[PDB]
Every structure is written in structure tokens, then in C-alpha cells.
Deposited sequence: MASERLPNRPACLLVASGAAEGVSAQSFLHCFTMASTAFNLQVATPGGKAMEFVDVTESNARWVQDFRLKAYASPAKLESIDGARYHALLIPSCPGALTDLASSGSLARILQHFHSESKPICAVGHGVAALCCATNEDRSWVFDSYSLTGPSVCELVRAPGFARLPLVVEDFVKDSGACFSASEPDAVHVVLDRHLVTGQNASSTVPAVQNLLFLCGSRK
């Protein structure tokens, strides 16, 4: 089993609960999984409901519910990176210089990156020295429905609001929205097979 880095938000209404549930359970079946967030701050679950409540009540009680400090992580230790749909991504992650260094590693070694829905915003942090995005020539999907970054969701793609829409370009896999979480990471799992 290889290792996979699951980065999420620590921010206020940060991470979508169903997206995360699928990322964690699905990726844990194939990887030694490691949750990481800025500052190591515990995640705040949006969209918690009667269907997933038991699971998150159990998750909060598990030893690895505590994230590692994203700033303290060596990107080289992991073969895959997975960002669930995280509404808080745009305060936490889309401005994280730590994530931009880990992403620059992953893109340089062409390692599998998977980002779903709002988590796709987290990819805007990866500015090269020339202030260009490292995912210049890449084609991606993500939410336009919802702000420090507006130009990169604009010019550097979208289908329908709640429909599963997943795009695989080389080694970058993007889900457009929370709904697309399950096929997205299955593509991730396909890349690592």
C-alpha cells in the first residue's frame, strides 16, 4: 500500500461532509491515508445530514480524525493527493504557500492529483515564479457557482449544477461538484493501479 495525502480546509464552514466521507473511505481502501489541513486545525463539516451523521459522529472519535499540519508535510512521502469538495478552500488553501510547494512537487514528478468541486479552488495557490499557474496547459472542471481568485476560475469546463462531471487530463483528475466525488476518486484510484 502506498500513501495518499488528503488535504482539506480547517476554515469556518470548510469541508463538504459527503464529499469528504467518500474521499476518506474510498482512498483508505487503497492507501495509507493522511489527512492534513492548514495549522492542523480540525475540519468543519458543511452539509451534515441524517444519512451521514452517524459516520461523522464515529469519525470525530477516531485517532486519525486529527489532521497533520499541512505546513509540516513532505510532499515526496506521498504517491497521491486528494482534495475533497471544500467550501473553505478559498480562505484556507487557495492562498497556502505550503500547498503550492507540494503541488509544484506533484506536477513536477507528474504524480496523481485529484480535486473535487470546491476543493478544485485549492489548486489556484500554485503560482510559478512568473505568476502563472502550474496547471497552465491542463483542462479542468470546477464550480463557477461560488473571493480572492476570479481570474483563474475564468481563463486558465462546466456542465450542469448537480450532474456528475469528471475530467481526467494526464495525471490531474477534477470533479466539478460534490456529486462528482465518487467517480473522481475512482479515477484517482485508476491512475494508481
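The chain's deposited sequence has unresolved stretches at 1-8, 155-166, 177-180, 218-220, with no C-alpha coordinates there.
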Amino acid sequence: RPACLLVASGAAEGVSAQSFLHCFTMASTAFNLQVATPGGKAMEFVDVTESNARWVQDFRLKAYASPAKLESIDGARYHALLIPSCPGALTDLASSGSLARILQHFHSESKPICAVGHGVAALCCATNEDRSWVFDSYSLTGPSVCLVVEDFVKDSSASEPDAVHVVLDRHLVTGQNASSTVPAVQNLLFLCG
From here on, numbers count along this sequence of modelled residues.
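Between 127-135 and 39-47, the higher mean Cα B-factor belongs to 127-135. Within the group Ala68, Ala158, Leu168, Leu33, the record's highest C-alpha temperature factor is found at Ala158. Ranked by C-alpha B-factor against the other modelled residues of its chain, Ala11 falls in the middle third.
The entry lists a Cα temperature factor for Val148 that places it in the highest third of the chain's modelled residues. Annotation for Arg60: CA B-factor lies in the middle third of the chain's modelled residues. In the PDB entry, a CA B factor belonging to the lowest third of its chain's modelled residues is recorded for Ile83.
When the modelled residues of the chain are ordered by their C-alpha B factor, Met26 lands in the lowest third.
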